[PDB]
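Before any comments, here is the structure.
FYI the Cβ positions are ideal-geometry reconstructions off the backbone, even for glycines, and counts take in every protein chain you see. Numbers and lists here come from the model and the stated rules, or from a named source; no laboratory instrument gave them.
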Amino acid sequence: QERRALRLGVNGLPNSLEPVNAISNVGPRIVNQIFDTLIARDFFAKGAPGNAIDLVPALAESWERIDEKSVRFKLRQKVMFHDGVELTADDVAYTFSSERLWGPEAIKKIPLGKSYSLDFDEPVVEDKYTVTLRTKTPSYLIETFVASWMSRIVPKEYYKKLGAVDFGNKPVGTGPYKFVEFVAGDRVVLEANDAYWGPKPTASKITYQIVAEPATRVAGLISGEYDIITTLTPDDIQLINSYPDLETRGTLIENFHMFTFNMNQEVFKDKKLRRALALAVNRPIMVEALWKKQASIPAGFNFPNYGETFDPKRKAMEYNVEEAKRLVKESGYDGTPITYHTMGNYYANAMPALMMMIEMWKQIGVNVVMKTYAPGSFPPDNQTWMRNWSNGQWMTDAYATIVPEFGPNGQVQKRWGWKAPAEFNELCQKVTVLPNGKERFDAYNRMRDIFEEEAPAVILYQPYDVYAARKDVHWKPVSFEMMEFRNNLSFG
Ligand SMILES: *O[C@@H]1[C@@H](O)[C@@H](O[C@]2(CO)O[C@H](CO)[C@@H](O)[C@@H]2O)O[C@H](CO)[C@H]1O
């Protein structure tokens with residue numbers, strides 16, 4: 001009798017298991033198993049229900065902040081990567097290097113590495129088990145960055161030999177499960193790493209099988225094909241819970257769903273029609289109709305996980321149908337249909353939400369039409385106008401995701417053409433280097449106000465992430481877009 005193999009029915013798969021390129025709603029549930037970070041979040045600290053904020057040692061046994069721009073890490077000794085190579089400071093230095101991650105040479109290998117990274121200087125290797133991470137300018141975000149999904153540790157020699165692309169198809173990490181196979185757009189299979197330095201894996205094997213249609217995914221749990229299924233909606237809860245051997249398990253996660261624009265298109269170069277579309281979205285009626293009250297509507301680009309830079313005083317985002325109609329008229333919009341691209345229901349409630357917004361927009365005089373696209377076939381940028389997206393809020397600080405995504409160095413401005421006000425970009429630079437205080441707090445509030453004025457994206461809500469599982473598979477969700485199995489997976 002060997003350990004049970006775990007069968008997962010998932011909404012989607014990443015195109016690469018290179019851990020930075022796998023950042024998405026579907027990559028972390030896999031790369032969290034293959035790799036470790038220096039510091040890890042313990043969502044279950046002191047009995048919490050999967051939402052604790054505590055950081056604990058992981059690949060680093062201890063660490064110390066030296067000054068405003070450096071942190072020294074002492075590494076756990078005798079940790080082995082899946083191919084046997086011992087983890088050393090040289091691997092950590094390479095993970096956070098100019099070459100691999102944030103320098104100009106990393107642009108083709110990890111396209112978002114520089115824009116999502118801090119203003120890093122080269123790491124300093126002090127000895128085989130001691131490494132210092134540094135920024136060129138002050139950064140009080142080194143610790144939260146190192147605990148995050150940007151900071152999974154890769155093996156220097158193996159990664160350099162294969163290159164980022166081939167490493168992404170045959171990954172080697174220090175994590176509790178090791179790579180077996182990756183069939184693009186179909187499945188990922190991992191196996192127990194019984195040499196793991198931490199809590200030993202409890203499943204013999206893990207299979208991530210794509211089941212893009214949620215109804216088929218629910219039928220596969222009912223029939224006994226899957227142990228756990230992902231990305232359901234609250235409308236599936238009553239049916240699943242009627243089965244005595246199945247149950248749903250859900251939690252609000254530190255992510256928001258949104259829609260955004262290709263601002264290289266003429267109709268979206270100016271803010272007026274973006275604002276008109278934002279002002280016509282009735283979020284509470286969408287939360288009632290599609291989420292059974294379980295989703296949460298934030299007061300702007302502002303979330304409690306930001307800690308000292310969360311503002312609980314902020315007003316709700318605006319809803320004004322009559323001001324929206326007047327903006328449609330002033331924009332010169334001529335009635336032509338505007339497309340909105342969606343990858344089916346990769347996002348829970350994506351197509352039901354869009355159908356509701358299409359009617360809301362018809363009532364303001366804007367004609368929007370759904371265009372679907374297949375997994376791994378994202379349209380050419382110049383064929384897209386509106387599209388859905390999401391952002392995981394990956395730091396204990398407001399820096400992420402407004403600055404990495406929407407800042408002067410980010411993709412919304414550089415790729416998608418948002419001509420941000422100069423004041424917004426000046427504030428992004430200030431919050432990057434400032435320590436917490438009134439100046440920094442007020443700068444984030446001004447950035448949030450400009451974001452709502454400009455509408456380069458429209459925040460909808462934080463999703464209630466719904467899984468379903470067999471009652472004999474013990475596993476709790478966490479408040480983030482990943483699955484955790486360390487000390488959180490057992491059978492019987
Ligand atoms: O939020 C998703 C984005 O991260 C991105 O995701 C994938 C995941 O591997 O990343 C590549 C591009 O880096 C993309 O082709 C894959 O789907 O895009 C999707 C689709 O827009 C986002 O939903």
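Any residue at all in the range 252-267 that's assigned by CATH to the domain that holds residue 342, more than 24 Å from the chain's Cα centre (by Cα) and under 24 Å from residue 446 (Cβ atoms)? No, that holds for no residue. If you go through the range 388-400 and pick out every residue that is of a type outside the set (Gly, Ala, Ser), closer than 30 Å to residue 139 by Cβ and within 15 Å of the ligand (Cβ to nearest atom), you end up with 4. Restricting to the range 295-349, and then to whatever is within 16 Å of the ligand (Cβ to nearest atom) and of a type outside the set (S, T, N, Q), can you tell me which residue is farthest from residue 406 (Cα to Cα)? Step by step, filter the range 295-349, then rank; the result is 344. Just one of the listed residues (58, 89, 52, 106) is free of Cβ contacts under 8 Å to residues at least 24 places away in the same chain, touching a strand residue (DSSP E or B) at 6+ places or on another chain (Cβ under 9 Å) and not assigned by CATH to the domain that holds residue 416, namely 52. Among residues of the range 438-459 that are farther than 24 Å from residue 280 by Cβ, those with a beta-carbon under 8 Å from a residue that is among the charged types (D, E, K, R) and in a helix (DSSP H, G or I) at least six positions away or on a different chain give the pairs 439/430; 440/430; 441/308; 443/430; 446/423. Does residue 14 satisfy the condition of being under 26 Å from the mean Cα position of the chain (by Cα) and assigned by CATH to the domain that holds residue 125? The answer is no for residue 14. Quickly run through the range 285-314 and pick out the residues that are touching a residue at least 24 places away in the same chain (Cβ under 8 Å), surrounded by fewer than 16 Cβ atoms within 10 Å (Cβ to Cβ) and assigned to a helix (DSSP H, G or I). Listed by number, the residues that qualify are 285, 289, 307, 308. Counting only residues that are within 16 Å of residue 408 (Cβ to Cβ), in contact with a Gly (Cβ under 8 Å, 6 or more places away or on another chain) and within 14 Å of the ligand (Cβ to nearest atom), the range 103-121 holds 1 of them. On inspection, residue 210 qualifies as in the same structural domain as residue 15 (by CATH), surrounded by fewer than 23 Cβ atoms within 10 Å (Cβ to Cβ) and in contact with a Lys or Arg (Cβ under 8 Å, 6 or more places away or on another chain). Only a single item in (1) within 19 Å of residue 30 (Cα to Cα); (2) free of Cβ contacts under 8 Å to residues at least 12 places away in the same chain; (3) acidic (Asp, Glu) is not met by residue 266, and it is number (1). Within the range 401-419, being away from the ligand (no atom under 14 Å from the Cβ) and surrounded by fewer than 22 Cβ atoms within 10 Å (Cβ to Cβ) holds for 408, 409, 413, 414, 417, 419.
Restricting the first member to the range 17-28 and to residues that are in contact (Cβ under 8 Å) with a residue 60 or more places away in the chain, and the second to residues that are charged (D, E, K, R) and within 10 Å of the ligand (Cβ to nearest atom), the beta-carbon pairs closer than 7 Å and six or more apart or on different chains are 25/481; 28/481.
Reported count of residues in the range 225-247, each being within 23 Å of residue 5 (Cβ to Cβ), over 22 Å from the mean Cα position of the chain (by Cα) and either outside the structural domain of residue 25 (by CATH) or touching a residue at least 40 places away in the same chain (Cβ under 8 Å) (or both), is 7.
Figure legend. Inter-residue proximity from the range 373-392: first residues at positive phi, second residues within 9 Å of the ligand (Cβ to nearest atom) and in a loop (DSSP other than H, G, I, E, B), beta-carbon distance below 7 Å, spacing 6+ or different chains. Indicated pairs: 376/15. Here the helices (runs of 4 or more DSSP H) wholly within the range 389-492 that include at least 1 residues being under 26 Å from residue 267 (Cα atoms) and touching a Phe, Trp or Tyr at 6+ places or on another chain (Cβ under 7 Å) are 399-406, 411-414, 438-454. Kindly indicate whether any position in the range 70-79 is under 20 Å from the mean Cα position of the chain (by Cα) and away from the ligand (no atom under 15 Å from the Cβ). No, the range 70-79 has no match at all. Reported count of residues in the range 1-41, each being in a loop (DSSP other than H, G, I, E, B), buried (at least 17 other Cβ atoms within 10 Å of the Cβ) and away from the ligand (no atom under 11 Å from the Cβ), is 6.
If you go through the range 183-207 and keep only what is buried (at least 18 other Cβ atoms within 10 Å of the Cβ) and either polar (S, T, N, Q) or in contact with a helix residue (DSSP H, G or I) (Cβ under 6 Å, 6 or more places away or on another chain) (or both), you end up with 188, 190, 193, 202, 207. Assessment of the range 366-387 against the conditions (in the same structural domain as residue 281 (by CATH), loosely packed, with under 15 Cβ neighbours inside 10 Å and away from the ligand (no atom under 16 Å from the Cβ)) yields at least one matching residue. Limited to the range 67-86, what total is found for residues that are closer than 26 Å to residue 435 by Cα and touching a strand residue (DSSP E or B) at 6+ places or on another chain (Cβ under 6 Å)? Summing the residues that are closer than 26 Å to residue 435 by Cα and touching a strand residue (DSSP E or B) at 6+ places or on another chain (Cβ under 6 Å) in the range 67-86 gives 6.
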